[PDB]
Structure formats: structure tokens, C-alpha cells
């Protein structure tokens, strides 16, 4: 129906947009650079539309990418995406390994409140705030880290991941408590508890090792799982998700053991998600045909269940059930790609009328800590599955809607799996030369205005701007030149020594020097304005994106020769601030913007 190969290609590329520094050489995102290089643990993914590293959903997402490869990695050769999927996985797993502290792990980098309060690009966030890290041993987060490393060890043939998988499982199983998992509270609190993570990690360890001691562990955890309301059945009326992976583990155990109890659970759970329901009970459906579990990330939940339904259907022989689950699964993915009442894609940069304003700071590319400016995103977040529509299929593409336009690692994870399965069946051709280059704006530039013009002076208001975004970046050795023609000064019988440079306003905190009037050639001279720590000019807020200086260049009082109209840097200036190419900007000795006399 869709080009699933293209959807997969983009859905994978999304994770490169989420990478924290240092970026691998294979990163394909021209608007990302090395960011958060002062973090206690480097690499990993930023979780969602901001810059916190949250280990629970990050590891969940990595585990799901591993599961996609485990089930369908051989099957996706036509798409050309297998290696992109493997490398993206490896990048997150390396971070999970790097979080090891022995009796504990680093489970979070970033304070959620401070990080989310600020709206700007990853590469400059250290100018705005210092980022704390958090250490603990919560069974849920450590157990999910274990599971991710366990499946990763299989699909990447990597003994180090396996060793760390085992270690993390042992720590999570020794601890049996989420009491040390505090830093994600309210963002990714442990809602279901940690027994489901122990089940999920031990199941994957069994599949990784063939060691029946892990199978025995897995099976011993099923009585500790949460019940469905006040009944004796294991909870089944929810989705496999970052908080709770027992749904997928039961499916794995049904295939691995053949046991009736796991198949019974799998069919009860999946039937509840299908339009046909389970004995009269069913997930909410929108009139447009989307299984709508909850307000937050409904597309995430439905697309993850699509992956589970595909895996389960592929593992059984019954033609009626296989069809029912396959149809359900394909219907939810197709909804996400455009088969919905609005006939629109919910995947950024894919298909018809995709969302253009995802709630994502770095894709937006602002310079002033505002969501509403720029009014269009400067970068394409290719492949991001958004939160999606409400229960009545309603949706509007609005950066302010942090529900419907949210994007996240975990939103994309199960989705990638299901796309792997669909491209495996239907083929499709990935885009060549993906991604294409973006149209860029000017990034470092002077805006200037004539503050005052006199028969003996020119007074300039100049704002040296850093609105960088391809990628956002910091430059310490920033300067700009103001060029003059002193022909009239010399003709009038005066000299350079009769021309005085003064300052009428220098913005607080922007340490600045102004050179003497300096000969270029012929009668062309200039002053250079240099910022000692130009990194303080940065797109982090309304005060900080530009440094303001008012300078005056004056002939003596009572003279009337001064002529700015032959001055190179005066050309086109008005009383209103405007970008000018004739006050060129330098990084050290190198011109990075504008024009130079005769050059």
C-alpha cells in the first residue's frame, strides 16, 4: 500500500536526529553536531523533543530495535536499511554499557524541569544550564537496560553486550525495588512496578544463551505480574510499552515454550486490541479505525501492538487468527501513514501532508527561547511518528500541542519493527541520496543601524548575531569590521589621529575590545570589534543571541568634512536595524559572513 521501505528508512533516520555527542562519523543529520559533551556519560539518545537522557524509555527503545532485527533483520534486504538499523542500535547500547557503575548505574542525565523549561538547540544547551546526572539501581530501569543488551548481544553478535546484560539483570534481580529510581518521576515513573522488566530481561537472556536457568527465572515471575482489575487473569488490557513489556515477553515465551498459558494470554491480549474484541471487551477505537488506548501517544501504543500482532501471527499456524492479527496490525500502521479520516501521514517528512511542527526543540531551530518564532521549523525531523489524533480522530499540526505533536524514541521503536515486517512482505524502494540538503539561513551576521548621523560623526548600533542551526554551534574568536573611506579626512587636511572612536553602550557580560583605526589599503581603514568570549553570543534566549554595541566614529567638533557616504560599511544602512553584508564577521582570521573592500 505505502512505500514501507521509505517509511522504514526515515523512521530509522529519526534516531540519528536524537543522538547526543559525540556523534558517529556515519550520522546523516547536517543540523546535528556534537552536543552535551560535558555529560557524565556520553552518547545515547535525547528522549523526546528535549535533551534529557532517560534510561528507561531509551533502553526500551533499544530493546525494541533489537527485537525488530531479531525477528526480521534477514528479511529486509530489499530495503537496504539493515545496516542503518544495526548501527543506530549499537550507538544506544554503547551508552547503556557506559552507564555501568558496578553496584549501580547512571540512569539519567539532565534535570527534567530545567531542561524542559528551556526551548533551544542541543548543541548550545551547556551555555544555558549545567546538567546533573543521577545514579541508582531501580529494578525497572536496570532490568530494561539488561533486556536491551541481551537482544542486542544476539543481533549484533557481541559478547560485551551479553556480559553487561547479565550483570544488569543480576543487579535488577538483587535489588527488587524501584526506590532508587527518582530522577524520572512524573516523566517516566515506574507505574506497573518492576516484575515485568525482570520477566522481559530473563526471557531475552534465555533467548541469548539457551540457558534454561533464565527460562526458569522468567516463568517464576508470572505470578508476580499485575492482575486485570480484581480478577485472577494477568493484566492484558494495555499495550506493550516503555513501562511494561510483559505483553511481548509472554509472546516470546509462547513461541519458545509452546505452553498453553502463554498462548492463552497472547490471544486474549491481542483479541482485546482487534476490532473483534475479546468476549465483548475491546480497546477504544476512533471512528476512523485507530485503536486509541490513551490521550498520550496513541499512535505509539497502536503501532507497537501492530508489531506484537505481526510477531505472534508469524509464530502460529491457524489461518483465521493469523489473518485477524495481520489485518489489525497492517490497519494501524496504514492509519499512521495516511489511511485515516484526514488522509494524512503522521510521520514527519513522509507521505501526504505530514506534521510540520513537531514538538521538538532542535528540529525547530530557534534562537530566542520561543516556540512561536521561527514560525516554521528550520529542519526536517524525518521519520518521527507523532503522538497523533484524539479519540474522535481530531488533530491539528501545532507546535504548542505537546500531546498530539510530541515525538519520542519510544514512539518510533515498535513502529520500526512493524515497518520491517511490512517492507519484508511488500518490498518498496528507499529514497536515493537521502536526506537531501536543506535550504540554509545566514547564521553569524551583524545587524546594524545608524543610531545618529552628524556633520562630524557616525554613530552605529550593531548587533553581532549567532542564530546558527546547521548545526547550532559556538564560536569563541568572533569579530566584525567596520570599514571607512578616509579620503575626505585627508583632503580636508586632517589625519587618522584626528578621528576618535568611542562607545555609547556595551551590553553587560559581553567582554569586548575595539581596535584602533587600522589601514587596509589606499584610503580604506577599519576598526575591528572583537568579543573575548564569543561563545556568550549564542541562540539560547532573547538576550543572548546577539551582542549589542553602540560605537561612534568622530572627526573633531566644529569640523564639517566627515563623509560616511563613501564608507564601505555604511552602505544601505538606515535608522532601522537590518542585517548587513558590509560589516563582515570573522572566526579568528577567517571570514565567515559578508564582504570585504575590493575582495
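Positions refer to the first chain, counted from 1.
Peer 1: Using only the Cα atoms and their B-factors as the entry lists them, report which of 302 to 310 and 508 to 516 averages higher.
Peer 2: The stretch with the larger mean CA B-factor is 508 to 516.
Peer 1: Look over 290 to 298 and 493 to 501 in the entry and identify the one with the greater average Cα temperature factor.
Peer 2: On average, C-alpha B-factors are higher across 493 to 501.
Peer 1: In this PDB entry, which of 237, 203, 451, 362 has the top CA B-factor?
Peer 2: So the option with the highest C-alpha B-factor is 451.
Peer 1: Go through 196, 94, 100, 393 one by one and give the residue whose Cα B-factor in the PDB entry is largest.
Peer 2: Comparing C-alpha B-factors across 196, 94, 100, 393, the top value belongs to 393.
Peer 1: Ranking every modelled residue in this chain by its Cα temperature factor as given in the entry, which third contains residue 387?
Peer 2: Lowest third, going by the recorded CA B-factors of the chain.
Peer 1: Consider only the C-alpha atoms of the modelled residues in this chain, order them by B-factor as the entry records it, and name the third containing residue 34: lowest, middle or highest.
Peer 2: Residue 34: CA B-factor falls in the middle third of its chain.
Peer 1: State the tercile, meaning the lowest, middle or highest third, of residue 176 with respect to the CA B-factors recorded for its chain.
Peer 2: Within its chain, residue 176 is a middle-third residue by C-alpha B-factor, going by the deposited values.
Peer 1: Ranking every modelled residue in this chain by its Cα temperature factor as given in the entry, which third contains residue 589?
Peer 2: Its C-alpha B-factor, which the entry lists for residue 589, ranks in the highest third among residues of this chain.
Peer 1: Compare the C-alpha B factor of residue 61 with those of the other modelled residues in its chain, then answer lowest, middle or highest third.
Peer 2: Lowest third, going by the recorded CA B-factors of the chain.
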